[PDB]
Ligand SMILES: Cc1ncc(C[n+]2csc(CCOP(=O)(O)OP(=O)(O)O)c2C)c(N)n1
Ligand SMILES: Cc1ncc(C[n+]2csc(CCOP(=O)(O)OP(=O)(O)O)c2C)c(N)n1
Ligand SMILES: [Mg+2]
Ligand SMILES: [Mg+2]
């Protein structure tokens, strides 16, 4: 009793709750896409373009419980349009199953080299498979999907059209893909734990610092237990924001070196012990595949198991003399709305489980100062920093949220400029009735973050003004609402509006801001960049 | 008296009449972009995204008299977004000067410390590269890369570190123009080619000329016209070469597409005892002039470049024609007249637009029904045809229209730039209409064929499959949403409306940016695409 390899692929996605598939059809993937419809619960997004599909997949993966998403593109024209999306997924460790339909000409570089596109993707892929052999095809799909999950990174699967309809035992699906990690080397683990507990013993002012890899490698429960057991002040990076429940009274804010609110700079940098969890690269750093303790590297000591074993005894290794350290902590209605006011005030509007997406620009710098609710999912592409990403990701994040909980809201802060690069993916949001979605657009008449560092008045920092609020109706939103916010009063009213808080329609809000207005932290970097 | 290397770069573009520069600013190109403004006549497009910038550059290059365009992007996030644009430019031989601003010689990195990773990826879709380091050779390298782009009519990758932008250089360097000229052909090889070709023209009863796109890229259109004049042989183009030959020429027999040709064309070409092919991109009595070499039957003559070869052939080719040869009759356009109130069709549209075109029209057709349709349409004298037949990346046409329109603005305000894009393809690159509105591209006509999704795909596989659906857009709202200063929109549903649109005297004048939505049945297609669809099912 048999299934097509094509169907096998989508069945594996369904098993890992990857129930939305991003990308676009083309000459060499049509036979494969036919198979999504054979798998109960699965939908093809039908993206507005490939780059946006890739951005969507990235957004989806950051909400998907297993941290996975799937892309299907066509040979050459499809894959190369997604290049920058996969690069960013690699950069920030996002588990993308990037499948490309390839031939058994047209969409060629004029030569006869059919691997040229596969070779380009090796630099931004954890692993590849240009699948040929029918006998190993199922195993290879499984192997690639495992690597994506384990290393939390993109993988390239080239599937020739001829191998889509090749028959395979249905029984293969009865054995789940092996997602488990090898156990840590016992002696290396023991040494790490012994040494870490020893330094916690001798510390007077220890702090916990959580970065993004703590999220990717599923250590958020472990991190919460570590805060519980030690009662140490805890902080995140901007890339790691939402790793820690910011409701926790021990949470001290977001560490950004010299760009931190001075209280954060002092609390972190005055510490005699830093317990770093999942840094992206007297200090302890737990990483995915090793542990650093000062200038010593312990190769192979994986962070999840190490933390789990640490938590069994960590409380009783705390200095007996240690006291839980204290942690860091009004305009007119018709005053124009400011960056400073907006990022403070949005804290009051967020709710448990909000997906909160911030584009590179004033938005990403601003949201740092904002306070997230319990079980917030933060998305900010701080490392790769490709503008446009946030709008594509919002599409994927919204479709993932739809599959988890209809009550779960997905909130975007994009600039006017970044919106332009990836605007057509709002189409896809409207196609799938993403009534969970809030598109906040900051209109400051161009590229304000760039104006601050270089070329304040230069024409390259200009953008064509758009009637942005006409976008949702142009893309035929079935049920939608639009608002323009110019004042503190309008913003306050919007954030206490009971109807607006309910995710029952797709919304866009345009917030009018001065050309050169910026959050305090970005004003600081601008001044020291000079 | 000295200039920055940054300014030098833009001065060289000005000298090659590349007066528009496409792409977007980023962390590692701001100091460089400052220099565009120091070079009188030059403008920064400020594109809506990098892929579209790349598509625009491609469109610009296909109108620019030297066949060149310039891109500026930022390290990582900028360049990788343009990858598919540069691949297509490489595929179809378009001369893109793809410059990328890079860090000084840990943000927009793959997390490692490998700063060449993006340069190495672009080598596969670049004729040549320069990751410029040395101040002493920097000017020379820019020059070398720009020459290769022109000579090989292909993209070139220039990585310019931020620190080298403001490095001073003699102004006098600009007094030595970049050498664009080709080495003369080896005289003996050329003589052998010409002697052999003239010998086979002597012995031929029914010879034909077939012109492909490389005849355009390597500036042989005058030579091709003289060859038609001198031989009076029937001449045809490929779809990729359409507009290489003036379709007004009475010796022009139409567009050869193998089995997908109107049967008259199939017979006229395939009955020939001699094919004089000019600039093929790649019966048995065949001569192919290529950029690099000449093929005569089973023999390759390496190094015999096509322009000079043709020029030397034209001096004596007329006197090698059989004296008894009678100019062969050419395919006549075979009549199809529906009623005013009949719904508009693909067949009617592609016949009827022939009557609306005018001397010098830039006519751009997207992959889909449009590209297949425009083949059957008749172009005017000095038409510039743009159809990405080889690479075939949907979205391209809308980006290219932006670049084609800005190039047209620099040549002649009266020169119209006309786009046929599908409803589906439009979605992929829609935001570049913004750039058209920003620069008052009042030369631009955006024809959108609304057939409720991906019709060319529906024809080959998955007629009713959900992947061939697209979200319906209120497409005609696009120009006002992007704040077109002066614009006009029309929806065409009927033969009557289309006829009226094409005799409308105001609409013909390029004094405003226009979009026309043409409503067509889901499965309507031009005859030639209906043919390929049916035999693509035979090959499956
Ligand atoms: C793909 C890409 N192209 C270019 C850049 C460079 N870049 C960084 S910020 C920015 C402008 C962002 O402007 P906007 O989104 O309006 O934000 P704000 O004005 O609020 O700062 C640009 C062009 C980039 N990061 N990614
Ligand atoms: C970048 C890219 N993605 C996908 C494709 C595959 N593709 C080829 S034609 C087509 C549909 C185009 O439909 P439309 O523009 O509506 O034209 P129609 O045939 O309906 O007139 C698609 C998706 C491609 N060639 N390039
Ligand atoms: Mg802005
Ligand atoms: Mg269509």
Q) Using 1/(1 + (r/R0)^6) with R0 = 56 angstrom and r between the beta carbons of residue B:285 and residue B:166, what's the FRET efficiency to the nearest 0.05? A) 0.40
Q) Taking other Cβ within 10 Å of each residue's Cβ, how do A:58, A:174, A:517 sort, fewest first? A) A:174, A:517, A:58
Q. Can you put A:395, A:144 in order, fewest other beta carbons within 10 Å first?
A. A:144, A:395
**Q.** residue A:132-residue A:187 FRET efficiency (beta carbon distance; Förster radius 45 Å; 0.05 resolution)
**A.** 0.60
Q: Send over the per residue convex hull volume for the stretch B:346-538, Cα only, as a whole number of Å³.
A: 110 Å³
Q: Please report the base-10 log of the normalised intensity I(q)/I(0) for the protein assembly as shown, using a Debye sum with one equal scatterer per alpha carbon and no solvent, at each q in 0.04 (1/Å).
A: -0.22
Q. Rounded, prolate or oblate: which fits the stretch B:349-462, taking a ≥ b ≥ c as square roots of the Cα gyration tensor eigenvalues, rounded meaning a/c under 1.5, else prolate when a/b beats b/c?
A. oblate
Q: Take B:72, B:193, A:268 and order them by how many other Cβ atoms sit within 10 Å, fewest up front.
A: A:268, B:193, B:72
**Q.** Reference-scaled alpha-carbon Rg (2.2 N^0.38 Å with N residues) for chain A
**A.** 1.01
**Q.** Shape category assigned to the stretch B:445-500 from the gyration tensor of Cα positions, a/c cut at 1.5
**A.** oblate
Q) How large is the convex hull of the Cα atoms of the stretch A:2-174 per residue, expressed in Å³ as a whole number? A) 101 Å³
Q. Put a dot 7 Å past each Cα toward the Cβ at residue A:502 and residue B:222; how far apart are the dots in nm?
A. 7.4 nm
Q: First measure r as the distance between the Cβ atoms of residue B:196 and residue B:114, then evaluate 1/(1 + (r/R0)^6) with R0 = 45 Å and state the FRET efficiency to the nearest 0.05.
A: 0.30
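Each reported figure results from applying straightforward, stated rules to the coordinates on display, with no laboratory input. A quick note on method: Cβ atoms are made from the backbone with ideal geometry, for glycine too, and the neighbour counts reach across all protein chains shown.
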